[PDB]
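Quick heads-up: it's one chain on its own, the form deposited in one PDB entry, in structure tokens.
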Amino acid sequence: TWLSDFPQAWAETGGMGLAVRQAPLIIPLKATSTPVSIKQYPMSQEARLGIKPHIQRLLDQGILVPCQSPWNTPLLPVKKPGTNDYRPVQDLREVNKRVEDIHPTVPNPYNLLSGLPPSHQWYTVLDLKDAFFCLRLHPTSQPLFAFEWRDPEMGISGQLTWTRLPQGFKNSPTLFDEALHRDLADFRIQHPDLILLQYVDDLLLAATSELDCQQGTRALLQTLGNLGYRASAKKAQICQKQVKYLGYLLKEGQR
């Protein structure tokens, strides 16, 4: 009943996250960058109706807010199964090109897994839901990610932008990984015997026994919830001898 013991740590019961200890992120531009405003290609009504619910939800959550900005990038309608199930995908390539590069600090899965001792075979895998959205963007950097939004007949003035780290931004994975490392530094210190692997929003906790794993998981969930992050209860793999992590199947200490 981990779902009930840690209501705040799960996406299904704690609501949208917000990393309260992390200062709003400022995104430095390259020395010669000037705003670029790309025209929004006309979107069919089908695509707009498919996207609308997502946009409204983000607006209600305060993740998207109205704005007037010199920057503008196109929104794209992306589906998968049939001509249904849409979801907003912003093409931030022209923005990415104008943002100063940062060093890629996220380890590749292969090297990350090398830090898992055979002594720790009790695993717990958690994936953080809407991880990037948990990190606030400083108001000065918000205008950079603006896009146009029109309702199938009459909607908001013109542009909308993100108040949190957006999908499609080249530095989101690295900035998120670095932010969570800062937030989980104390947890690591308070649990010397535990092994914690972080790959952006995918976490692997390893303990020597089933007890230390349940104790560790309880503490990690409590810490994450308190910090403002949210894990997927649905996909969560708690205290298992075998788990799926980063495309690998961890079993008998293999891999």
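All residue numbers refer to positions in the sequence shown, first residue = 1. Think of the rigid core as the biggest set of C-alphas that the two forms share within 1.5 Å after superposition.
As for the form deposited in another entry, it is not shown, yet the points below apply to it.
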Report task. Please say whether, between the shown form and the other one, the C-alpha of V125 moves by 2 Å or more once the core is aligned. Result -> no
Query raised in the report: Any chance the CA of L184 moves 2 angstroms or more between the shown form and the other one, core superposed?
Result: no
Query raised in the report: After a core superposition, would you say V106 shifts its C-alpha by at least 2 Å between the shown form and the other one?
Result: yes
Query - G82 and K39, C-alpha gap in the other form relative to this structure (3 Å or more) - result: closer
Query - Sense of CA distance change between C67 and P152 in the other form, threshold 3 Å - result: closer
